[PDB]
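Q: Sharing final.pdb below, PDB, C-alpha atoms (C1' of nucleotides) and all ligand atoms:
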ATOM      1  CA  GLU A  12      42.910 -63.432 -47.085  1.00  0.00           C
ATOM      2  CA  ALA A  13      44.166 -65.319 -44.070  1.00  0.00           C
ATOM      3  CA  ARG A  14      41.199 -64.006 -42.040  1.00  0.00           C
ATOM      4  CA  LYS A  15      38.715 -63.278 -44.832  1.00  0.00           C
ATOM      5  CA  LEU A  16      36.027 -65.667 -46.185  1.00  0.00           C
ATOM      6  CA  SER A  17      35.225 -66.202 -42.486  1.00  0.00           C
ATOM      7  CA  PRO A  18      33.524 -62.775 -41.991  1.00  0.00           C
ATOM      8  CA  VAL A  19      31.778 -63.279 -45.307  1.00  0.00           C
ATOM      9  CA  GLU A  20      30.482 -66.436 -43.647  1.00  0.00           C
ATOM     10  CA  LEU A  21      29.576 -64.740 -40.382  1.00  0.00           C
ATOM     11  CA  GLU A  22      27.864 -61.825 -42.097  1.00  0.00           C
ATOM     12  CA  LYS A  23      25.925 -64.429 -44.036  1.00  0.00           C
ATOM     13  CA  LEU A  24      25.000 -65.819 -40.617  1.00  0.00           C
ATOM     14  CA  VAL A  25      23.903 -62.414 -39.318  1.00  0.00           C
ATOM     15  CA  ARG A  26      21.709 -62.116 -42.383  1.00  0.00           C
ATOM     16  CA  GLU A  27      20.168 -65.311 -41.352  1.00  0.00           C
ATOM     17  CA  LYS A  28      19.633 -63.850 -37.869  1.00  0.00           C
ATOM     18  CA  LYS A  29      18.120 -60.607 -39.105  1.00  0.00           C
ATOM     19  CA  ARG A  30      15.833 -62.607 -41.362  1.00  0.00           C
ATOM     20  CA  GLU A  31      14.804 -64.742 -38.393  1.00  0.00           C
ATOM     21  CA  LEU A  32      14.243 -61.676 -36.228  1.00  0.00           C
ATOM     22  CA  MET A  33      11.626 -59.904 -38.411  1.00  0.00           C
ATOM     23  CA  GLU A  34       9.303 -62.847 -38.526  1.00  0.00           C
ATOM     24  CA  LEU A  35       8.398 -63.815 -35.000  1.00  0.00           C
ATOM     25  CA  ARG A  36      10.942 -66.640 -34.786  1.00  0.00           C
ATOM     26  CA  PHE A  37      14.103 -65.372 -33.037  1.00  0.00           C
ATOM     27  CA  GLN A  38      13.912 -66.762 -29.536  1.00  0.00           C
ATOM     28  CA  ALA A  39      17.568 -66.492 -28.517  1.00  0.00           C
ATOM     29  CA  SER A  40      18.238 -62.880 -29.420  1.00  0.00           C
ATOM     30  CA  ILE A  41      21.153 -61.720 -27.314  1.00  0.00           C
ATOM     31  CA  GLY A  42      22.260 -65.315 -26.885  1.00  0.00           C
ATOM     32  CA  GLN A  43      22.837 -65.313 -30.650  1.00  0.00           C
ATOM     33  CA  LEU A  44      22.644 -61.876 -32.288  1.00  0.00           C
ATOM     34  CA  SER A  45      25.339 -60.301 -30.116  1.00  0.00           C
ATOM     35  CA  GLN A  46      27.806 -62.761 -31.528  1.00  0.00           C
ATOM     36  CA  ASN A  47      29.487 -59.731 -33.134  1.00  0.00           C
ATOM     37  CA  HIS A  48      31.401 -58.805 -29.962  1.00  0.00           C
ATOM     38  CA  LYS A  49      33.843 -61.735 -29.701  1.00  0.00           C
ATOM     39  CA  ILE A  50      32.668 -63.508 -32.850  1.00  0.00           C
ATOM     40  CA  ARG A  51      32.756 -61.196 -35.897  1.00  0.00           C
ATOM     41  CA  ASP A  52      35.855 -59.124 -34.985  1.00  0.00           C
ATOM     42  CA  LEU A  53      36.858 -62.593 -34.327  1.00  0.00           C
ATOM     43  CA  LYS A  54      38.771 -62.370 -37.605  1.00  0.00           C
ATOM     44  CA  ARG A  55      38.246 -58.748 -38.296  1.00  0.00           C
ATOM     45  CA  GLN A  56      41.565 -58.014 -36.585  1.00  0.00           C
ATOM     46  CA  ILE A  57      44.967 -58.382 -38.169  1.00  0.00           C
ATOM     47  CA  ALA A  58      47.786 -55.932 -38.469  1.00  0.00           C
ATOM     48  CA  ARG A  59      47.901 -54.961 -42.123  1.00  0.00           C
ATOM     49  CA  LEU A  60      51.538 -55.796 -42.631  1.00  0.00           C
ATOM     50  CA  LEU A  61      53.366 -55.025 -45.912  1.00  0.00           C
TER      51      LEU A  61
ATOM     52  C1'   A B   1     -55.516   1.192  19.967  1.00  0.00           C
ATOM     53  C1'   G B   2     -50.522  -0.809  21.614  1.00  0.00           C
ATOM     54  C1'   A B   3     -45.544  -2.606  21.086  1.00  0.00           C
ATOM     55  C1'   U B   4     -41.310  -5.691  20.403  1.00  0.00           C
ATOM     56  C1'   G B   5     -39.878 -10.335  18.268  1.00  0.00           C
ATOM     57  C1'   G B   6     -39.653 -12.665  13.887  1.00  0.00           C
ATOM     58  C1'   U B   7     -38.771 -14.054   8.392  1.00  0.00           C
ATOM     59  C1'   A B   8     -32.851 -14.829   5.215  1.00  0.00           C
ATOM     60  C1'   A B   9     -33.621 -15.194  -1.281  1.00  0.00           C
ATOM     61  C1'   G B  10     -28.947 -13.891  -0.236  1.00  0.00           C
ATOM     62  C1'   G B  11     -25.031 -10.934   2.467  1.00  0.00           C
ATOM     63  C1'   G B  12     -21.456  -9.879   6.711  1.00  0.00           C
ATOM     64  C1'   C B  13     -18.126 -11.590  10.749  1.00  0.00           C
ATOM     65  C1'   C B  14     -15.999 -15.583  13.569  1.00  0.00           C
ATOM     66  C1'   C B  15     -15.017 -20.876  14.386  1.00  0.00           C
ATOM     67  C1'   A B  16     -14.308 -25.931  12.419  1.00  0.00           C
ATOM     68  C1'   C B  17     -12.931 -29.037   7.759  1.00  0.00           C
ATOM     69  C1'   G B  18     -11.628 -29.245   2.837  1.00  0.00           C
ATOM     70  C1'   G B  19      -9.990 -27.873  -2.432  1.00  0.00           C
ATOM     71  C1'   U B  20      -6.918 -24.458  -5.464  1.00  0.00           C
ATOM     72  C1'   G B  21      -2.129 -22.758  -4.804  1.00  0.00           C
ATOM     73  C1'   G B  22       2.862 -23.239  -4.122  1.00  0.00           C
ATOM     74  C1'   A B  23       5.425 -20.018  -0.172  1.00  0.00           C
ATOM     75  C1'   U B  24       8.211 -21.255   4.074  1.00  0.00           C
ATOM     76  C1'   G B  25      11.379 -25.017   6.617  1.00  0.00           C
ATOM     77  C1'   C B  26      15.066 -28.938   5.521  1.00  0.00           C
ATOM     78  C1'   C B  27      17.783 -31.413   1.885  1.00  0.00           C
ATOM     79  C1'   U B  28      21.654 -32.122  -2.668  1.00  0.00           C
ATOM     80  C1'   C B  29      24.536 -35.789  -7.680  1.00  0.00           C
ATOM     81  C1'   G B  30      23.858 -28.526  -8.959  1.00  0.00           C
ATOM     82  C1'   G B  31      26.039 -23.645  -9.331  1.00  0.00           C
ATOM     83  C1'   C B  32      29.342 -19.547  -7.894  1.00  0.00           C
ATOM     84  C1'   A B  33      34.064 -17.603  -6.158  1.00  0.00           C
ATOM     85  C1'   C B  34      39.050 -18.335  -4.609  1.00  0.00           C
ATOM     86  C1'   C B  35      43.423 -21.332  -4.583  1.00  0.00           C
ATOM     87  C1'   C B  36      46.116 -25.286  -6.517  1.00  0.00           C
ATOM     88  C1'   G B  37      47.775 -28.812 -10.441  1.00  0.00           C
ATOM     89  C1'   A B  38      47.171 -28.835 -15.457  1.00  0.00           C
ATOM     90  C1'   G B  39      46.989 -26.286 -20.106  1.00  0.00           C
ATOM     91  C1'   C B  40      46.428 -26.263 -26.490  1.00  0.00           C
ATOM     92  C1'   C B  41      43.621 -29.307 -30.421  1.00  0.00           C
ATOM     93  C1'   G B  42      44.257 -29.963 -36.216  1.00  0.00           C
ATOM     94  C1'   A B  43      46.133 -32.759 -43.300  1.00  0.00           C
ATOM     95  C1'   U B  44      48.380 -38.844 -38.317  1.00  0.00           C
ATOM     96  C1'   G B  45      41.858 -34.639 -40.816  1.00  0.00           C
ATOM     97  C1'   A B  46      40.550 -31.102 -35.208  1.00  0.00           C
ATOM     98  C1'   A B  47      36.745 -28.286 -32.341  1.00  0.00           C
ATOM     99  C1'   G B  48      31.783 -29.008 -33.388  1.00  0.00           C
ATOM    100  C1'   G B  49      27.946 -31.541 -35.530  1.00  0.00           C
ATOM    101  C1'   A B  50      24.156 -34.445 -39.361  1.00  0.00           C
ATOM    102  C1'   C B  51      22.955 -39.386 -39.891  1.00  0.00           C
ATOM    103  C1'   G B  52      23.033 -44.019 -37.510  1.00  0.00           C
ATOM    104  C1'   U B  53      23.921 -47.994 -34.284  1.00  0.00           C
ATOM    105  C1'   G B  54      20.498 -51.945 -28.800  1.00  0.00           C
ATOM    106  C1'   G B  55      16.719 -57.786 -30.414  1.00  0.00           C
ATOM    107  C1'   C B  56      12.541 -54.761 -29.200  1.00  0.00           C
ATOM    108  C1'   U B  57      15.234 -48.145 -28.474  1.00  0.00           C
ATOM    109  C1'   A B  58      11.474 -42.518 -28.292  1.00  0.00           C
ATOM    110  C1'   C B  59      15.194 -39.540 -25.908  1.00  0.00           C
ATOM    111  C1'   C B  60      20.168 -38.839 -23.426  1.00  0.00           C
ATOM    112  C1'   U B  61      25.268 -40.843 -22.776  1.00  0.00           C
ATOM    113  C1'   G B  62      28.059 -43.279 -25.752  1.00  0.00           C
ATOM    114  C1'   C B  63      30.149 -45.524 -30.374  1.00  0.00           C
ATOM    115  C1'   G B  64      30.938 -45.481 -35.938  1.00  0.00           C
ATOM    116  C1'   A B  65      28.629 -49.590 -41.242  1.00  0.00           C
ATOM    117  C1'   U B  66      33.836 -53.777 -36.469  1.00  0.00           C
ATOM    118  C1'   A B  67      28.732 -48.570 -34.599  1.00  0.00           C
ATOM    119  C1'   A B  68      26.491 -49.594 -25.590  1.00  0.00           C
ATOM    120  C1'   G B  69      31.038 -51.610 -29.063  1.00  0.00           C
ATOM    121  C1'   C B  70      36.829 -54.476 -31.277  1.00  0.00           C
ATOM    122  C1'   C B  71      42.107 -55.959 -29.951  1.00  0.00           C
ATOM    123  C1'   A B  72      46.456 -55.934 -26.464  1.00  0.00           C
ATOM    124  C1'   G B  73      48.676 -54.179 -21.602  1.00  0.00           C
ATOM    125  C1'   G B  74      47.449 -52.627 -16.362  1.00  0.00           C
ATOM    126  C1'   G B  75      44.208 -52.143 -12.291  1.00  0.00           C
ATOM    127  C1'   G B  76      40.898 -54.347  -9.581  1.00  0.00           C
TER     128        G B  76
HETATM  129 MG    MG A 101     -10.320 -28.599  17.603  1.00  0.00          MG
HETATM  130 MG    MG A 102      -6.120 -23.733   2.704  1.00  0.00          MG
HETATM  131 MG    MG A 103      -1.877 -27.317  -1.840  1.00  0.00          MG
HETATM  132 MG    MG A 104      36.923 -18.791 -11.375  1.00  0.00          MG
HETATM  133 MG    MG A 105      35.348 -35.118 -33.103  1.00  0.00          MG
HETATM  134 MG    MG A 106      23.806 -42.779 -31.824  1.00  0.00          MG
HETATM  135 MG    MG A 107      21.386 -50.239 -30.404  1.00  0.00          MG
HETATM  136 MG    MG A 108      18.009 -51.839 -34.443  1.00  0.00          MG
END
Would you mind writing the file out in structure tokens?
Ligand SMILES: [Mg+2]
Ligand SMILES: [Mg+2]
Ligand SMILES: [Mg+2]
Ligand SMILES: [Mg+2]
Ligand SMILES: [Mg+2]
Ligand SMILES: [Mg+2]
Ligand SMILES: [Mg+2]
Ligand SMILES: [Mg+2]
A:
Amino acid sequence: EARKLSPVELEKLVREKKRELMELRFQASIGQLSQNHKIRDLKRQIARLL
RNA sequence: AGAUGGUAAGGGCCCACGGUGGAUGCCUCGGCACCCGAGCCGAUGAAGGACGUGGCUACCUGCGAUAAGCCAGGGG
């Protein structure tokens, strides 16, 4: 769990973004919603040791 | 008595200009053949797909719920 509880947080954030997108209120789309390239797989990469 | 000339609804032929049409000419990221290199993939789940994934994405190419992409090395 050295990298978890962070993607739970960032997937919570992306289900603030996808809420904000459906109503007409998401005015930085690719500036925010394509976080999941570097962010979000920011800490979805470790070698599963042991 | 007397004759040729005429009338063009429309037709014919020719000339001029159009439309329809897609031939011809000229192109090539396309294809064919030949010669070279290369030559297997799969329980470490293949070939092939269905579905999906872009913020809006219909389709194609991707790519798999990490879903036009992730991480590291190398080239630029
Ligand atoms: Mg003339
Ligand atoms: Mg003509
Ligand atoms: Mg024509
Ligand atoms: Mg051949
Ligand atoms: Mg396959
Ligand atoms: Mg797809
Ligand atoms: Mg998409
Ligand atoms: Mg979408």
Q: Under the rule of at most 7 Å, produce a per-residue listing of chain B near chain A: chain, number, name, the closest pair of atoms, and the distance in Å, as a tab-separated table, using only C-alpha atoms (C1' of nucleotides).
A:
residue	atom	partner	partner_atom	distance
B:55	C1'	A:40	CA	5.4
B:66	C1'	A:52	CA	5.9
B:70	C1'	A:52	CA	6.0
B:71	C1'	A:56	CA	7.0
Q: Please give me, as a PyMOL selection string, the residues lying within 8 Å of ligand MG 108 (chain A) when counting all atoms listed in the file.
A: chain B and resi 53-55+57
Q: Could you work out how far atom CA of residue 61 of chain A lies from atom CA of residue 13 of chain A, giving the answer in Å with one decimal?
A: 13.9 Å
Q: Which value, in Å to one decimal, gives the distance between atom CA of residue 19 of chain A and atom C1' of residue 68 of chain B?
A: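 Separating atom CA of residue 19 of chain A from atom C1' of residue 68 of chain B is a distance of 24.6 Å.
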Q: Just say which residues the PyMOL selection byres (((not hetatm)) within 12 of (chain A and resi 105)) picks in this file, as a ChimeraX atom specification.
A: /B:41-42,45-49,63-64
